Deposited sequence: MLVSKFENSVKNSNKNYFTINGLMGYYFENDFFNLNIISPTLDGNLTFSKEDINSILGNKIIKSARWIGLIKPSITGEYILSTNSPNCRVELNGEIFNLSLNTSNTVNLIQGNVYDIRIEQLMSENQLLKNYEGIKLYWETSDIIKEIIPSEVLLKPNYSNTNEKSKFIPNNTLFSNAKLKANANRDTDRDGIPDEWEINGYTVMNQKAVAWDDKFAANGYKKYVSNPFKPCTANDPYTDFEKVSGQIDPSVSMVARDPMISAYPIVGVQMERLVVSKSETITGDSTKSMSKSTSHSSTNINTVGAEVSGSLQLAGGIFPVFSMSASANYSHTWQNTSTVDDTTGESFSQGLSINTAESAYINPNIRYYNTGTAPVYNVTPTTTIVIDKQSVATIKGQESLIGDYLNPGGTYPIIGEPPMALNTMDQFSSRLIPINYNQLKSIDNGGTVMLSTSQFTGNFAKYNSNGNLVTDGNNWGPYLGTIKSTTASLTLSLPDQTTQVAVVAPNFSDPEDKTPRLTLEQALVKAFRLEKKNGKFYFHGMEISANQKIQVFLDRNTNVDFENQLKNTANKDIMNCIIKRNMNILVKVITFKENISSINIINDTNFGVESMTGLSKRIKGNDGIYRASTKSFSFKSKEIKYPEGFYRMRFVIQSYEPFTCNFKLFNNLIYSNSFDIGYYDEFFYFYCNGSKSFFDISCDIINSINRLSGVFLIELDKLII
């Protein structure tokens, strides 16, 4: 587990006031001077405070110590460190974890670009001395509490407002110098430990402390962390009721007005071409064997539940694809299929769906079989504080709710297929932050700026079309008219802002 060790906090002020927040791999709470070539003179780090947990591997009398520099330790009941070789010890047991802490207060920074180079060793009964391995050390769960950093989530309101970027260290946003090398600025809320309205928190996200499977686009505190299942068909095979195999394509819906929706679905057509060449009365039905596969265009992964799809023609339903909960070959990987292309699809009527002559004459005239996957998802991955294991919690469902109410839509299809994402954004009609169509299209589909030019792997942006919603269409005629394209920095977004994006 990459994210395994103790979380550190450094301050330029001799008495805790923030400056930088970077994790530590283990007992060596260092910060090489080669990782501060972005901070002005204020490299001479002054104080520090490492918090986190600890889970030994055997009940024994441990002794925490460090080379020198003034420091204290809060190992649940006792103070320690300083520099002494004696100490008063402290009992630690296997299977038990212990919230830590490590104050530091060096006044004179004789070390320019101050290495600080603080080392922490622990000696048990046996004369075995060595830096605490990252196998016993663990970071502090930042996951939203139960029922100056106001929200209480490992960040300062100053950084949540004025923003904060994150290199392999994480720190405040410094316009010029930083965005130079190419870094995504983070905007956050101070009264919502999790703006995107999700399990994970602001700090946890940007840092990475989250589900490894989540889509990189889901690493911002402004970009939700949910999945968006759905079901696609690959070929329908109908016959007589005691053969009509048809290969067709599927598409990702983005219904228009005359949309405050965001559920799941998949339009469908029928290749009316003659696959070779070529007896229905009226009082006859039909037997249809269709095969379909799942799709995950969300920013997260699904585990337990298997959503329920609603197949229909015109408006006349036909069958429903009830998903089997508590059973899945392999999770529904973010942007993955179930089964995967590495296996065979799953026919609704693998080895019934009826229809009447009136329906049989309406399914072939044009061609369309709607599959509107409702909105049902199983359990997700919650970081376990004690053992430090991303395990199957207890459901997803009640998570989608708050999301939509505070997040706006946004779909694509650049890479090779479709990718739906949600973008946090308050409503027009007070704690959230302000977002625009740009910054939203910079953390929704990863499209930064090399030289202030919006690009996608080099691919121009003057090579992608648009597909907003009727509302925003006129709301864009207002937003635009007031200004003039080029700026692209006045195109604010609101909740339920249905938006799509093709590509030429």
### Summary
Comparing deposited sequence to modelled residues, the uncovered ranges are 1 to 17, 165 to 185, 281 to 292, 309 to 324, 345 to 352, 426 to 431, 510 to 512, 546 to 548, 591 to 721
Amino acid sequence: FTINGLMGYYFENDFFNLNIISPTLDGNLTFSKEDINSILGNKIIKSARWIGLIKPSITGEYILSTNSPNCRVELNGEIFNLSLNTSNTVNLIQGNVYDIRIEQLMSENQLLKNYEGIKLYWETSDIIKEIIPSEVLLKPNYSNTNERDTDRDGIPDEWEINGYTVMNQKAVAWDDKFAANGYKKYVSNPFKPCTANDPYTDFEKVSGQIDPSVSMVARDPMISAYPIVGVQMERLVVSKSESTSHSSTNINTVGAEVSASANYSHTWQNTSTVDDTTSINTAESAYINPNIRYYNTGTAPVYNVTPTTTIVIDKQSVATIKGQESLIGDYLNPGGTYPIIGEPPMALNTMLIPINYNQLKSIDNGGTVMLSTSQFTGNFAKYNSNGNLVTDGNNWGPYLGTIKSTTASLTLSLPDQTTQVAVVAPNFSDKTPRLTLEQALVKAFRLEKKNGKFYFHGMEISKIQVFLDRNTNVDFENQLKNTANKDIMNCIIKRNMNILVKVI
From here on, numbers count along this sequence of modelled residues.
#### Entry: Between the two ranges 261 to 269 and 68 to 76, the one averaging a larger CA B factor in the entry
261 to 269
## Note on the structure
For 49 to 57 versus 468 to 476, entry-based mean Cα B-factors point to 468 to 476
### Task
By the entry's C-alpha temperature factors, tell me which of 349, 409, 195, 94 sits highest.
349
### Summary
Listed options 370, 302, 166, 106: highest C-alpha B factor recorded at 370
### Task
Sort the modelled residues of this chain by their C-alpha B factor and say whether residue 361 lands in the lowest, middle or highest third.
highest
### Task
Place residue 504 in the lowest, middle or highest third of its chain's C-alpha B-factors, as listed in the PDB entry.
highest
#### Entry: residue 149 - Cα temperature factor, lowest/middle/highest third of chain
lowest
### Message
Please place residue 98 in the lowest, middle or highest third of its chain according to the CA B-factor in the PDB entry.
### Response
lowest
### Message
Looking at the temperature factor on the CA atom of residue 286, which third of the chain's modelled residues does it land in?
### Response
highest
